[PDB]
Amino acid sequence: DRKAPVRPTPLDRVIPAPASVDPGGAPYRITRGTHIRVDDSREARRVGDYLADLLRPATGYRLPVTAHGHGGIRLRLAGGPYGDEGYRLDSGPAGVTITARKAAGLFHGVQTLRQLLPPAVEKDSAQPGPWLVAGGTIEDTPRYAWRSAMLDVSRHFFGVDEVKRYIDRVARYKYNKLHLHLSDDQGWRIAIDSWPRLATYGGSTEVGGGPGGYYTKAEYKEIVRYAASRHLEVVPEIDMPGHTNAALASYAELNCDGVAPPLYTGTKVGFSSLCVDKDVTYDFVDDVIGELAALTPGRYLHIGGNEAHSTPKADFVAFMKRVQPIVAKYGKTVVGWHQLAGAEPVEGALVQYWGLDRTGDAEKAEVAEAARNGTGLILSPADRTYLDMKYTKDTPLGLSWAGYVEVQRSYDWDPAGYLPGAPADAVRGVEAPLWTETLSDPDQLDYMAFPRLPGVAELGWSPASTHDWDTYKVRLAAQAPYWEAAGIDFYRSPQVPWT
């Protein structure tokens, strides 16, 4: 009875592990006449319609969303100790109620609810159910405010619909930020009016050659809108000064030797660099950042800064000293990979640490020092949360330069004491990056994203006290029938006792 359990799933059996779970009493049962009651507001109805859409196909029920009556499923905004993202979920024969201070909290509550329901909820046709929700109370709030997932759309391009699909994958686990790697050596994926060829030429191909692609302003705005409806703040990244071949290949004038390199379709890194000695370089950067900021309702702008191996240290420092201020000029908060820690991060900046266990002490120290100096830290270790890394030497996709990363390794650590010498309060959160040198279609993204994606979300959300591999793997194992029913391919790790 994997698909349709006789009894409801435990109230605590959800990912991320809720901060507080108190089971008790009988469960709630959704029946054909259940109404979804919300407050009389645009945002309230929005979360209501979202929930209704998730349930209607499998239940076959009408599930009307209204601001009147005592619906069996109630979503209500009210004062409480749940912050901007927390919520309380009460379940019993009298109905299910999700309470929170803001819509994001109600949305997160819904993500928990879909896990309390049986695997059959993932189907597209009416299912027998039963649509049981364990009885009790859940009070949930996040540990970290930065809980993101990154999708590399530069190595292999993924269109708007494919990005919306990935957005829905991550929304399941309460991630609240979507980092889009919009440019690299193999492609430039966002239209810039001031520099037209970046997209029309720089986005013409991808890894392996053939058709590439890019987002027009309208397409990008739609991705941002959709992400916002899933409560994901979009963090766009235009990598500089390295990983800039797409731009360099588009405008010869940007190159040091004034010669535009060919479009790149390989899978290596570190060979490209903007010419730090030319003034046109900074006009280019200013125009791009200004236009990107205009399309970014979010608070952050990622300027990358990684693997600029063709940029001498001194030039890299000079470059960053000059470009960082540009971000604030357009009202945004700068974010960069941890190499930025060696180039004097400006006030308010955040750096994304992608180091490994084996990374040298000197490098880790430079990052820890930045944290001491007030720089916020986003943790995404290459040997922990890089979803493109192989599980084992036999994995058919992905890379292995950072070693192999099985499910336990990806999950089994604590962000608070990860980077030696780094102040715990400097850690803003975590991120799970999905690089695409080896992934060209949505199904391949899923196989590399699952089952590690939920684990990283837990690290960003759950209390340290709830962290434990032996009990977590049981909760992860329970996701099997849901993913199977949803058509989400995933790596059946032998470390997990799959249900």
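Numbering starts at 1 and follows the sequence shown.
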The stretch carrying the higher mean Cα B factor in the deposited entry, 400-408 or 117-125, is 117-125
Comparing 214-222 with 258-266, which has the greater mean CA B-factor as deposited?
258-266
Highest Cα B-factor in the PDB entry belongs to which of 86, 312, 429, 241?
312
Based on the PDB entry, the highest CA temperature factor among the options 454, 442, 57, 463 is that of 57
Would you please rank residue 333 by its C-alpha temperature factor against the other modelled residues of its chain and give the third it falls in: lowest, middle or highest?
middle
Ranked C-alpha temperature factor of residue 64 among modelled chain residues, by third:
middle
Relative C-alpha B-factor of residue 472, binned into the chain's lowest, middle or highest third:
middle
Give the position of residue 135 by CA B-factor within its chain, expressed as the lowest, middle or highest third.
highest
Lowest, middle or highest third: where is residue 23 by Cα B-factor in its chain?
highest
